[PDB]
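In structure tokens, the next block holds one chain alone, the form deposited in one PDB entry.
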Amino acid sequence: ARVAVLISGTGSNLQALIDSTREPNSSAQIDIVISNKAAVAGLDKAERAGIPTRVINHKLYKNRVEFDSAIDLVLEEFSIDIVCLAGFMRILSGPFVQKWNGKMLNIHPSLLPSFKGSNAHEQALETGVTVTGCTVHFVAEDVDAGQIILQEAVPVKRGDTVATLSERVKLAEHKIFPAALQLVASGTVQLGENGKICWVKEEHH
């Protein structure tokens, strides 16, 4: 499966995703990284890895749908099968999300449905949970909604700060974002017509 990663900044987990695709039995290759912002770190990451990049500036388009249509055209041109979001900070239109339903994934640094929105690590600390984690899900029109693919629980430790908790959750993200991508890329996990996750046994052995 040919994979695009959409970013707006540092491309968190992009290196993890790249490294996973260079593994022997990988079902995925990262074929393009698209940013809505020029000269961000995540583009340098991609370029240093020899992966094509594009920059699409939302300010050049009349509205969100036209901007998203421009992203989609690039995805079309590069024959992309699957999209991962890695810190992409523009809300994608309903038509875009619909088109890519079951083929676009993202990650969140909580065990959803807990700690929706931004600053989930601070939310976890402020609330006083002892277990948090991260969640990879299919992207839906509504932020943080969408069917869950993989989750990993991560302990909150006595004395944790936003930074130390964040670093622990990031290590889990480095594990599950690529594992989830592999599941979707291989076809092992597919989104059913009923809108629920399906774990498929593949014909090819």
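Start at 1 and count along the sequence shown; that's the residue number. Take the two forms, superpose them, and find the largest set of C-alpha atoms that agree within 1.5 Å; that set is the rigid core.
As for the form deposited in another entry, it is not shown, yet the points below apply to it.
Among the candidates 85, 97, 125, 80, displacement between the shown form and the other one reaches 2 angstroms at the C-alpha for one position only, 125 (superposition on the rigid core). Core-superposed comparison between the shown form and the other one: the CA of residue 155 exceeds or equals a 2 Å shift. After superposition on the rigid core, the Cα atom of residue 31 is displaced by less than 2 Å between the shown form and the other one. In a rigid-core overlay of the protein, residue 176 has its C-alpha displaced by under 2 Å between the shown form and the other one. Cα of residue 30 to Cα of residue 144: at least 3 Å longer in the other form than in the shown structure.
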